[PDB]
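Below is one structure, written out as structure tokens; comments come after it.
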Amino acid sequence: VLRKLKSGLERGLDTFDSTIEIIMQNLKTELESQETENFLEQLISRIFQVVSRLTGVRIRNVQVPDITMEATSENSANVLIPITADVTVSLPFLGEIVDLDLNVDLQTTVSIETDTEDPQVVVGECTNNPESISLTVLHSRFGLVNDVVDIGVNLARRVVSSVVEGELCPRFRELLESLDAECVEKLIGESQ
Amino acid sequence: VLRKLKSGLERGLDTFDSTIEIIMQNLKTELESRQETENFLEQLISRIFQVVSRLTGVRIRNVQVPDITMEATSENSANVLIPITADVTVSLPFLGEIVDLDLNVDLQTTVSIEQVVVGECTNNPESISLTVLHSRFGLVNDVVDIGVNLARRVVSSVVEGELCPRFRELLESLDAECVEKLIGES
Ligand SMILES: CCCCCCCC/C=C\CCCCCCCC(=O)O
Ligand SMILES: CCCCCCCC/C=C\CCCCCCCC(=O)O
Ligand SMILES: [Ca+2]
Ligand SMILES: [Ca+2]
Ligand SMILES: [Ca+2]
């Protein structure tokens with residue numbers, strides 16, 4: 001069972017590693033003003049390093065290729081965060097059952113309230129859509145068509161889904177809420 | 001890995017099921033009045049393996065003793081042979097049932113008259129035979145090997161810890177004349 005991960009996610013994975021909180025604060029200050037993506041790679045790696053200690057799902061080599069902003073209207077934009085990582089699933093007695101490529105696309109919206117010189121920022125929902133999590137099989141020492149692979153892919157999906165809901169989406173919203181209203185207004189500007 | 005079985009074997013598997021000791025006593029009385037003894041042995045061994053099923057994901061049932069044979073080695077000594085057959089299923093976490101095996105175990109000890117002496121009951125790995133019948137995960141891949149290895153270790157530790165000692169204990173309960181009468185059949 002993923003009991004250990006479920007209890008860990010209830011507490012917050014940051015209760016297992018003091019450095020997550022520090023990286024969060026580094027991201028806050030950096031956002032006031034290439035490097036932000038580097039700080040995000042660090043935050044996500046450390047969260048996944050804690051998941052590696054609680055589960056046999058080991059997620060390494062975390063990259064954020066490019067953070068994009070697409071204007072949805074004059075006063076709203078989607079903020080897009082593409083994540084890649086290498087995944088290996090291990091079970092007791094069997095050791096390494098499968099190596100996967102992971103793609104996660106986190107999306108959230110920022111809006112500015114219309115008809116005011118003192119605009120309020122609203123950050124929308126961070127939806128954990130199963131279509132946003134992609135797992136590709138690279139290798140299994142048991143054979144690619146073996147049933148262990150399917151169990152491996154399923155276990156990885158559950159872990160990744162639960163840490164998107166429990167950690168990444170909440171921190172994505174928390175980091176957007178740290179932006180001053182003018183900064184958001186300026187960034188939603190020339191998203192057009 | 002097998003901690004729970006190892007702790008179980010140190011206590012005695014009969015501390016988990018009051019019926020084992022009753023079946024032991026049934027076998028003792030039944031012997032004094034020398035199929036049926038084999039039926040009591042099937043029951044004793046099933047129950048020991050029912051306890052092992054509670055301590056491990058190695059489930060052993062359909063336990064049979066085809067025929068107990070005694071071959072006279074001299075006028076006052078014989079080899080006593082007990083063939084055991086059983087169906088085995090190994091389960092692991094997340095995978096569930098990984099393999100179904102056929103188990104054959106051949107226990108051998110000697111009984112002599114001095115005073116009855118029962119010889120050692122040797123746990124030879126050649127005396128435990130495990131045959132693959134079915135696997136969800138392929139017949140010759142590494143899942144099966146892990147399954148067969150776990151079953152061997154469990155069966156080996158239960159032979160050493162429970163079956164061989166009970167085999168010796170039951171033979172040592174026979175009086176000298178009983179053994180002389182049974183060796184009577186070379
Ligand atoms: C665990 C995931 C946390 C994600 C936190 C994201 C915080 C950063 C948010 C917004 C950055 C500003 C948008 C930049 C748009 C310009 C385009 C570019 O940078 O290439
Ligand atoms: C766990 C194993 C315990 C074994 C206890 C040993 C019991 C042996 C009993 C009697 C031996 C007499 C053998 C005579 C041959 C004919 C018997 C027969 O085949 O039915
Ligand atoms: Ca650290
Ligand atoms: Ca498959
Ligand atoms: Ca949380």
Side-chain angles (χ1 to χ4, degrees), chain A residues 14 16-24 27-28 30-31 33-37 39-50 62 64-71 77-81 83 104 106-108 110 123 126 163-164 167-179 183-184 186-188 190-191, chain B residues 20 23-24 27-28 30-31 34-45 48 63 65-72 78-84 105 107 109 111 118 121 158-159 162-174 178-179 181-186:
Chain A
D14 71 8
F16 300 85
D17 183 2
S18 58
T19 55
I20 290 158
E21 301 75 311
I22 289 168
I23 311 177
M24 275 299 282
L27 264 167
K28 301 284 176 70
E30 183 56 27
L31 286 171
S33 317
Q34 314 104 288
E35 190 132 50
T36 75
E37 309 204 17
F39 281 137
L40 279 167
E41 286 175 356
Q42 329 200 325
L43 177 56
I44 296 170
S45 305
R46 211 80 91 163
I47 290 165
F48 278 124
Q49 283 164 50
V50 169
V62 175
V64 179
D66 202 16
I67 299 196
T68 282
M69 260 199 56
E70 309 187 18
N78 305 340
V79 181
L80 288 80
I81 303 190
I83 304 161
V104 188
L106 306 182
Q107 207 189 130
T108 100
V110 285
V123 340
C126 186
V163 344
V164 169
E167 288 300 343
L168 303 190
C169 266
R171 288 163 188 282
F172 187 5
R173 291 192 75 261
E174 175 177 8
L175 291 174
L176 290 167
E177 285 172 334
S178 87
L179 275 61
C183 187
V184 172
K186 200 276 160 203
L187 259 156
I188 277 189
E190 45 67 5
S191 300
Chain B
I20 288 159
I23 310 272
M24 196 68 45
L27 262 170
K28 292 197 196 271
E30 187 54 29
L31 287 169
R34 285 320 234 85
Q35 54 158 76
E36 204 146 50
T37 73
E38 292 177 20
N39 297 342
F40 286 124
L41 274 183
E42 286 178 357
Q43 290 176 57
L44 178 53
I45 298 173
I48 291 160
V63 175
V65 181
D67 309 275
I68 300 176
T69 58
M70 179 177 299
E71 353 176 288
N79 301 334
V80 183
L81 183 79
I82 308 193
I84 307 169
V105 191
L107 274 38
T109 198
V111 282
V118 64
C121 184
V158 175
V159 167
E162 288 298 342
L163 304 185
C164 267
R166 287 165 191 289
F167 182 14
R168 292 186 76 259
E169 176 177 339
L170 289 176
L171 292 172
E172 287 211 32
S173 84
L174 305 171
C178 188
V179 167
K181 191 177 130 61
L182 292 171
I183 291 175
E185 299 68 3
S186 35

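One-based numbering, in listed order, for ligands and for the atoms of each. Excluded from the calculations below are hydrogen atoms, water molecules and symmetry mates; all remaining heavy atoms, backbone and side chain alike, are included. So that the names make sense, note that chain A is the first sequence line, chain B the second, and so on, each numbered from 1.
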task = Taking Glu41(A) for its side chain and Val64(A) for its backbone only, find out whether a donor-acceptor pair lies under 3.5 Å.
result = yes
inquiry  = Please check: side-chain N/O of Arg168(B) versus main-chain N/O of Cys121(B), any donor-acceptor pairing under 3.5 Å?
reply    =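 Between the backbone of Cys121(B) and the side chain of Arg168(B) there is no qualifying donor-acceptor contact (under 3.5 Å).
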query = Does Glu169(B) come within less than 4.0 Å of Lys28(B), counting only side-chain N to carboxylate O?
reply =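 Salt bridge between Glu169(B) and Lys28(B), a charged N being under 4.0 Å from a carboxylate O: yes.
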For [atom], which protein heavy atom lies nearest, and how many Å away is it?
| atom | result |
| --- | --- |
| atom 4 (C) of ligand 1 | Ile81(A) CD1, 3.1 Å |
| atom 5 (C) of ligand 1 | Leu175(A) CD1, 3.2 Å |
| atom 9 (C) of ligand 1 | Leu176(A) CD2, 3.8 Å |
| atom 20 (O) of ligand 2 | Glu38(B) OE2, 3.0 Å |
| atom 14 (C) of ligand 1 | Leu187(A) CD2, 3.9 Å |
| atom 8 (C) of ligand 1 | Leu31(A) CD2, 3.8 Å |

Quick one: pull up [atom1] in [X] and [atom2] in [Y] and give me the separation to the nearest 0.5 Å.
| X | Y | atom1 | atom2 | value |
| --- | --- | --- | --- | --- |
| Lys186(A) | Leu179(A) | NZ | CG | 12.5 Å |
| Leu40(A) | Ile23(A) | CG | CD1 | 10.0 Å |
| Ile68(B) | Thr37(B) | CD1 | OG1 | 4.5 Å |

Below 4.5 Å, heavy atoms only, C-beta onward: do [X] and [Y] meet side chain to side chain?
| X | Y | result |
| --- | --- | --- |
| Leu81(B) | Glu71(B) | no |
| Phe172(A) | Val164(A) | no |
| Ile20(A) | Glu167(A) | no |
| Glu30(B) | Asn39(B) | no |

key: ligand 2 contact by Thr37(B), heavy-atom criterion under 4.0 angstrom   =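 Judged by the 4.0 Å heavy-atom criterion, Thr37(B) does not count as contacting ligand 2.
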inquiry  = Please determine whether any non-hydrogen atom of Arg34(B) lies less than 4.0 Å from an atom of ligand 2.
reply    =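 Judged by the 4.0 Å heavy-atom criterion, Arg34(B) does count as contacting ligand 2.
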Select one of side chain, backbone, both or neither to describe which atoms of [X] lie under 4.0 Å from any atom of ligand 2, heavy atoms only.
| X | answer |
| --- | --- |
| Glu185(B) | neither |
| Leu44(B) | neither |
| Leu31(B) | side chain |

message = Under 4.0 Å from a heavy atom of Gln35(B): which atoms of ligand 2 are those, numbered in the order shown and with their elements?
response =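 Close to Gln35(B): 20 (O).
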inquiry  = Is there a polar contact between ligand 2 and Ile68(B), counting only N or O atoms under 3.5 Å apart?
reply    = yes
key: Test item: side-chain donor near acceptor, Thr19(A) and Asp17(A), under 3.5 Å   =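 Short answer, yes.
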task = Could you tell me whether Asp66(A) and ligand 1 have an N or O pair separated by under 3.5 Å?
result =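 Among all N and O atoms of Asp66(A), at least one is under 3.5 Å from an N or O of ligand 1.
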task = May I ask you to check whether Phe172(A) has an N/O atom sitting below 3.5 Å from an N/O atom of ligand 1?
result = no
key: Enumerated ligand 1 atoms positioned under 4.0 Å from heavy atoms of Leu40(A)   =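 Counting from 1, the qualifying ligand atoms are 3 (C), 4 (C), 5 (C).
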remark   = If we number the atoms of ligand 1 from 1 as shown, the ones under 4.0 Å from a heavy atom of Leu168(A) are 1 (C), 2 (C)
